[PDB]
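Novice: I am attaching a structure below and will ask some questions about it afterwards.
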Ligand code: BCL
Ligand code: BCL
Ligand code: BCL
Ligand SMILES: CC[C@H]1c2cc3[nH]c4c(c3C)C(=O)[C@H](C(=O)OC)c4c3nc(cc4[nH]c(cc(n2)[C@@H]1C)c(C(C)=O)c4C)[C@@H](C)[C@@H]3CCC(=O)OC/C=C(/C)CCC[C@H](C)CCC[C@H](C)CCCC(C)C
Ligand SMILES: CC[C@H]1c2cc3[nH]c4c(c3C)C(=O)[C@H](C(=O)OC)c4c3nc(cc4[nH]c(cc(n2)[C@@H]1C)c(C(C)=O)c4C)[C@@H](C)[C@@H]3CCC(=O)OC/C=C(\C)CCC[C@H](C)CCC[C@H](C)CCCC(C)C
Ligand SMILES: CC(C)=CCC/C(C)=C\CC/C(C)=C/CC/C(C)=C/CC/C(C)=C/CC/C(C)=C/CC/C(C)=C\CC/C(C)=C/CC1=C(C)C(=O)c2ccccc2C1=O
Ligand SMILES: COC(C)(C)C/C=C/C(C)=C/C=C/C(C)=C/C=C/C(C)=C/C=C\C=C(C)\C=C\C=C(C)\C=C\C=C(C)\C=C\CC(C)(C)OC
Ligand code: HEC
Ligand code: HEC
Ligand code: HEC
Ligand SMILES: CCCCCCCCCCCCCCCCCC
Ligand SMILES: CCCCCCCCCCCCCCCCCC
Ligand SMILES: CCCCCCCCCCCCCCCCCC
Ligand SMILES: [Fe+3]
Ligand SMILES: [Mg+2]
Ligand SMILES: [Mg+2]
Ligand SMILES: [Mg+2]
Ligand SMILES: [Mg+2]
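Residue numbers (the UniProt record's numbering), protein chains in the order written: chain D, 20 to 361; chain Z, 1 to 53; chain B, 1 to 53; chain F, 1 to 53; chain Y, 34 to 320; chain W, 2 to 274; chain S, 9 to 57; chain H, 9 to 57; chain L, 1 to 183, 193 to 254.
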């Protein structure tokens, strides 16, 4: 059969209509905000519809709080028996806090999730024991970690968001290691893991930084090597990078939110959000070391991890994909009881 | 181009033209289907409520 | 051109001119439909209220 | 190949066969030596205790 | 010696025959051992499942030893020993292939220019995998054998040594890669434009200058004021391609050995731009 | 008539505006209407870059010189001359100068009676520059999306734009462009070496012809691209590299607004598995 | 003419192509009527309310 | 002349082209009237209120 | 410190400057190789040879040609053929105007180089470009249309003849020229021809009917020299500027 010469103009029109196909197919274009200097391109790249949907998500709507009773009446420590951490609240405020906590942690299961159905005084369920340490942790976070959580504060809704198990929790060997026998060592990486943003980066970094105090500072403070300072660290850089993937995914931001890529090391070129993130790293490590990990004996086997360790919190446990938890909604002003230990 | 314009094929060779026309029509169909899929009211697979505000 | 100026095709090739005109018309139609789709009032698929302030 | 199959060299060129065999044997020897070095009990230069568990 | 219609449209249609020779067979044996090691470690990393292998192949790799092993000659197998073996066998196969290319040039009576252009790439590959880890005393500074993992290694190497954009030899290597693309587009377009005059037969134009070579020279002389000859443009391209990997090896040698932070190196030498302080009161909270 | 064979080629013709006024040479360079416009735009742009250099309060070196685009708040509008307007005017002049260079190359090709492959290939670099400074900024709604005009600051722009997606290496168009750029250097090295080996066979050897050239690659890789196919292959490789660079930058921001590694969830969670 | 196709073969081809295009447009009109009966696609003043 | 037509082919092509362009413009005008009845194009002093 | 020579200087800076020296030397060497053809330069007004330093012009290198002979570059040979073109006033850079027919004279885009007056050979010493009617070991791929028999149309939409044969490169298996019998036989370079297999025509837009009648012809009908090839190709290339206008 004769070969037909290619219709250049017709295929050019087809190319134009395919460009239209691409435009309708793959974007109304993302919305930009500029945080740094011009020409640097430090800022946020967000789809407007997706950002609006995440703000209008049910988890980002802090439940309405009832009017607070005047703190002048019979305390909860005399009316009730087993209230070691809430013995300074007026009984009316104690009941208001119980209702709020039920709305925040177990709205579906109701008051019976953390209480014996026929005895509110009995510390039978493990959930009551865990909730007491939850209350203590929230008070500790509000009183002692205002460098990070103020002025918004943290309540039971900040992590739990209306269900007993918070959405973003982690364990020690959260990503199953690969390799059979003497072959296939994945080295805690080389997998399509969502902890590393679906990259082949170290996906089990939360243990080194949010439970351990390992160094995230890989970049030297001098241009030339020192005699006692290490001259290597490319693989150690991958651990920091994976941790920064976790941080970026937990806040729904990019690297430029806290860094100038010209030098990831220089704080003077960094947005003031990097200072809040430093306090956040310290606070998350404190949370895991002091409250969430020592709760392992109180958990059933259904709640533990592959390594038998307690569930732990990270940047994404509170923020849930936003730069601030619930995008900055104040949650502690309505509940002064959760703002400081008694 | 009407039913009586039969000599258009003396200018546009059908063998080198219909393949491009078919490609154009297929791409247009894909474009419109994806345009309908990109809106909440006409994404028939997602099945959102008709009244979308 | 005009209904009477038929000698333009002694100067402009009747086929390359039609191809260029079709390309221009397709591009213009896509551009104007995209401009209508990019505004709240005239996006007929989003169906915002006509009174859009 | 046996002690009595001397006619193999009428079918296989001795020079290329010997060079390919030398290459294969060197690669095999290196691979096995490296596999021994890659295990605790058989790295003779690292000198771990034989009882390795 | 089969034919190929589709390849005969862009160029020639004949595929083969290929001459391997002694060094070719040796290189194939070494390289197959290396590839078997790498691929079997990748398949074992998904617990031998080929469904998961297909899912995760870009993410899979053979990983170098950790920093805890240093430059141990042969680490434990599943702790980087497989990587060291795969690197050794790949290096041996690549070196034997270089010898093969040199020998193929010699037996055809041709010059050994492709061999010495391959030597530059081999130098860069050796700096990446063997030479620099030896000087730094750590196998861990070497790239993994994986698709997404060596991109992760690339990014983490740039991050570890302070924005490799500020490495002057990285700048030179990027200039030479851009120039390789520039020169090769220039030369392809020039030869295609004078193909109506016999310009694709360049070696015949070298020993007997025709109007194709003259017009190719004059186009560039009238465009940018200077030109090359039909043979000199190939030296230009050869050197531009060689300098890519030469400067790449040179800039990787200097990272961690003599320079540990490249952005601070540029700050010392007045190279890094200074931007107005948009964030006036941000300091190190750990200071 | 500078080269020993140039006199017979210096004739009238090739103008794209139909006129003999600009048809002349100044030294080796051919001057056209588009040569004049190229020099006009070039001197304007260089003088404005020097102005922005001397007006910089930080006293930058040649490396630290930077003329930055306007803020993203100015949108697709007009900025003060010291607040992005200088970058805008230099961008307009650069686009004009590059288009004029391509059109002058078209004029030179028409005068020499050769194909327009070189202006066409340079149009790809011009399209990359335009997609970086004009098209992508309009797609994103602000001229502040273009890169600053500085030797070292445009590297910082590249770095921060890449880290806006947390791992730019995972961009598929970026992967394709890098593959094509590295393959272009590989092919250029192979071609230059083959031509140099054929033209310089050594001592006691005659200059090798097309048979030896084809035999070397059929004996090494197993396929010979030919002498015409190698130049088509090289032009195609460079043009594909630049085209995929344009695609990868046009899908970053206008299309993809999240991390690039998670785009591969289409393959990791393909409906098959 | 410039195609080399006979003026009668072109007439036959245009007849068949015209029938094909008319059938295609009839199917498209039916599909558009069905899609309007599913969900009308021209909003009123109140919008999709 | 410059294209190769003979003022008769040009006259016939212009006849069919004039009819096609007039029909396309009439369809465009009808579509514009319909789109104006849907939602008017040009704002008032107070805008779209 | 590790890689420092002083408080400012360091090893990387010195290696960078050493590479700067090496790169500048390589560029100098490359520019020397660029001057193996066309140098020394000459003036645009009287043809006086300009003096170039021996450090810019390399010593001549000898090419031992595959079929015998030695070409040197530079070779002290200068193209001094009389150009049939004039200009008003010998101003530097003033372009020339052909006196007569620029296509037949070889002026500008029709200019050609005085190459070897012997046909190009292969490795075994047999003519590289030959018509297909002479060689039986070479045929045309059945997947591609056969140019032979196709009508030949010039740039003025005139059928000037038909393709009678194809000249094939025996060293690359590629069609180099089309032998066209004018309705007396000419060679059309294939890159200058566009094929239409549906209408069975070959369009050469670079030629008119007048230009086809003046195309240079080889001395032999089965043999073409490098100079004849060069002249014919230059004629068709100059037709892009001098034929349809
Ligand atoms: C549509 C049917 C006829 C036609 C019939 C007429 C008639 C009648 C008139 C013109 C006139 C004009 N035509 Mg006409 N014209 C045709 C196709 C064209 C094409 C084309 C490439 O298709 C072009 C570029 C033009 C261009 C023009 C303008 C130069 C000129 C008036 C400009 C104008 O009104 O601005 C607005 C338009 C544009 C900016 C873009 C032009 C596109 C359309 C096709 C313009 C036609 C508008 C015309 C008024 C429609 C009247 C035809 C009715 C359907 C009966 N015509 C075809 C062949 N045309 C007028 C004139 O010459 O004044 C003395 C005039 O009276
Ligand atoms: C070493 C001295 C002789 C030789 C002496 C013998 C004798 C005797 C016998 C064989 C037999 C065999 N030989 Mg032999 N064989 C030789 C060289 C070779 C070479 C080679 C290219 O060098 C190869 C591939 C082989 C391969 C083989 C096998 C195909 C076959 C039995 C397989 C086997 O035992 O499993 C193991 C095989 C391998 C792991 C690969 C082969 C490697 C070695 C060289 C195989 C030798 C095995 C043989 C039993 C050792 C006997 C040598 C002693 C000095 C007697 N021989 C040389 C020339 N060979 C046996 C046979 O065919 O009986 C049915 C047998 O009885
Ligand atoms: C479908 C059967 C016939 C056909 C039958 C008719 C009839 C009858 C008429 C036209 C008319 C026109 N045709 Mg027609 N037309 C055909 C194929 C085509 C093709 C093509 C390459 O497929 C194109 C681009 C066109 C284009 C055109 C327009 C240029 C012109 C008036 C514009 C218009 O109505 O809407 C704008 C154009 C578009 C939106 C794109 C064009 C695509 C479709 C095919 C347009 C045809 C619509 C037609 C009116 C519907 C009748 C089909 C019935 C179901 C039988 N036709 C086939 C061969 N066509 C009208 C005319 O010339 O006015 C005086 C007219 O009365
Ligand atoms: C100037 C610098 C550029 C460059 C240069 C360069 N590279 C080169 C050359 C040159 C000039 C060569 O001569 C050489 C070559 O041959 O290229 C085609 C080579 C080469 N460049 C290569 C790749 C390469 N070059 C790269 C880059 C570049 N190379 C630079 C940009 C890169 C990148 C971007 O990372 C890569 C990946 C190779 C194609 C080749 C060297 C090949 C080699 O080393 O082979 C030995 C290694 C092996 C693993 C052997 C193969 C093992 C397989 C298992 C074979 C199959 C065996 C099986 C038995 C076959 C039969 C099966 C049966 C079922 C049929
Ligand atoms: C498309 C494939 C590759 C390509 C092709 C290509 N480029 C080409 C050609 C071709 C085929 C030419 O014919 C043409 C040429 O003549 O080359 C010698 C050209 C050319 N490629 C050039 C460079 C170049 N090509 C590049 C890339 C590429 N070119 C691609 C990889 C790059 C890169 C990647 O950075 C550069 C720098 C020039 C040497 C030349 C075009 C010369 C030109 O346009 O001259 C007219 C303009 C001036 C003399 C100066 C204008 C200055 C402005 C008025 C102000 C400055 C604006 C600028 C944006 C500032 C930048 C600051 C910082 C970002 C540094
Ligand atoms: C009205 C008025 C003001 C008049 C004044 C007129 C004046 C002053 C001048 C004329 C007008 C103009 C516009 C002049 C231009 C001025 C300028 C700015 C000139 C320089 C522009 C420019 C792009 C310069 C070169 C820049 C660089 C570094 C380019 C890269 C080149 C490179 C990497 C290597 C060089 C390799 C070479 C020489 C390649 C060319 C080359 C190629 C590519 C072949 O394939 C080929 C094949 C066969 C034979 C020869 C060749 C050959 O020479
Ligand atoms: C199951 O698998 C089958 C069997 C089907 C086979 C398939 C295999 C497959 C699919 C393999 C896929 C492999 C891939 C995708 C590999 C990708 C690799 C990439 C991208 C690598 C990138 C960079 C790597 C570099 C630069 C590595 C360099 C390493 C070097 C130079 C190491 C040198 C080491 C030496 C010289 C060691 C010497 C031995 C000593 C001297 C130490 O002994 C004491
Ligand atoms: C788990 C998230 C709980 C839910 C659901 C409810 N309560 Fe609670 N309750 C919880 C804790 C951790 C404590 C101890 C307080 C302390 O200071 O340690 C309590 C205690 C009470 C008591 C006191 C009983 C007693 O001491 O005798 C009462 C009366 C009480 N809570 C009431 C109550 C109501 C009404 C609830 C539904 C709105 C409810 N609880 C749910 C933890 C949790
Ligand atoms: C705010 C939520 C941040 C985001 C977004 C990113 N980073 Fe991070 N970075 C942040 C802090 C608080 C710190 C200091 C941690 C410490 O222990 O001091 C850092 C530090 C780094 C570093 C190392 C700096 C050094 O001195 O070596 C690197 C390499 C780094 N950050 C990289 C990085 C990347 C790649 C990011 C995008 C994925 C990113 N950061 C985002 C806070 C925040
Ligand atoms: C619950 C205890 C949290 C944990 C775990 C983490 N963060 Fe947080 N963060 C929390 C609150 C209540 C707020 C609001 C602060 C306010 O001013 O209202 C924040 C805020 C931040 C910010 C500031 C964002 C900004 O736009 O300024 C950053 C940068 C931040 N947090 C970082 C961060 C990181 C990196 C964390 C993991 C180590 C992390 N936070 C955990 C509450 C909680
Ligand atoms: C920015 C890097 C360096 C680029 C230099 C390119 C220079 C190209 C123009 C050369 C002009 C030469 C003019 C004189 C030629 C000889 C005249 C007798
Ligand atoms: C100059 C007055 C102060 C600033 C007013 C706002 C300027 C920016 C908004 C208007 C211009 C932006 C849109 C320009 C579109 C150009 C399309 C070619
Ligand atoms: C001060 C630094 C000087 C650097 C000079 C570099 C010169 C490089 C020359 C490379 C080519 C040599 C000749 C090769 C000819 C072909 C041999 C087969
Ligand atoms: Fe070449
Ligand atoms: Mg793990
Ligand atoms: Mg994990
Ligand atoms: Mg975001
Ligand atoms: Mg020292």
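C-beta: ideal position from N, C-alpha, C; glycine also.
Would you say the beta carbon of residue 288(D) is closer than 7 Å to some non-hydrogen atom of ligand 9?
Specialist: no
Novice: Would you report the Cα separation of residue 162(Y) and residue 175(Y), rounded to the nearest angstrom?
Specialist: 5 Å
Novice: Since residue 62(L) is in the beta strand (DSSP E), which residue starts that stretch and which ends it?
Specialist: 61-64
Novice: Applying the 10 Å Cβ sphere with the 16-neighbour rule, what's the burial state of residue 163(D)?
Specialist: Counting of Cβ neighbours within 10 angstroms places residue 163(D) among the exposed residues, the total staying below 16.
Novice: Determine the contact status of residue 248(Y) and residue 230(Y), defining contact as a CB-CB distance below 8 Å.
Specialist: yes
Novice: Taking all protein chains shown into account, do 16 or more other C-beta atoms lie within 10 angstroms of the C-beta of residue 144(Y), making it buried, or fewer, making it exposed?
Specialist: Label assigned to residue 144(Y): buried.
Novice: So does the region 16-28 of chain F actually touch the region 24-33 of chain B, counting three or more Cβ pairs closer than 8 Å?
Specialist: no
Novice: For residue 88(Y), count neighbouring C-beta atoms within 10 Å of its own C-beta (all shown protein chains included) and say buried if the count is 16 or more, exposed if not.
Specialist: By the 10 Å Cβ count, residue 88(Y) comes out buried.
Novice: Mind pulling the chain W residues with CB within less than 8 Å of residue 247(L)?
Specialist: 114
Novice: Mark residue 133(D) as exposed unless 16 or more other C-beta atoms lie within 10 angstroms of its C-beta, in which case mark it buried.
Specialist: buried
Novice: What does the Cβ neighbour count give for residue 39(Y), buried or exposed, with the cut at 16 atoms within 10 Å?
Specialist: exposed
Novice: Residues with a Cβ closer than 7 Å to any heavy atom of ligand 1, in chain order?
Specialist: Answer in sequence order: 1(B), 2(B), 3(B), 21(B), 22(H), 25(H), 26(H), 29(H), 30(H), 33(H), 34(H).
Novice: For ligand 18, enumerate in chain order all residues having a CB closer than 6 Å to any of its heavy atoms.
Specialist: 1(L), 2(L), 4(L)
Novice: CA-CA distance, residue 148(Y) and residue 120(L)?
Specialist: 30 Å
Novice: To be precise: take each residue of the region 207-224 of chain L, compare its Cβ to all Cβ atoms of chain S, and keep it if any distance is under 9 Å. Which residues remain?
Specialist: 207, 208, 209, 210
Novice: Can you have a look at residue 45(S) and say buried or exposed, based on whether 16 or more other CB atoms are within 10 angstroms of its CB?
Specialist: exposed
Novice: Within 10 angstroms of its Cβ, does residue 110(W) collect 16 or more other Cβ (buried), or is it exposed?
Specialist: Label assigned to residue 110(W): buried.
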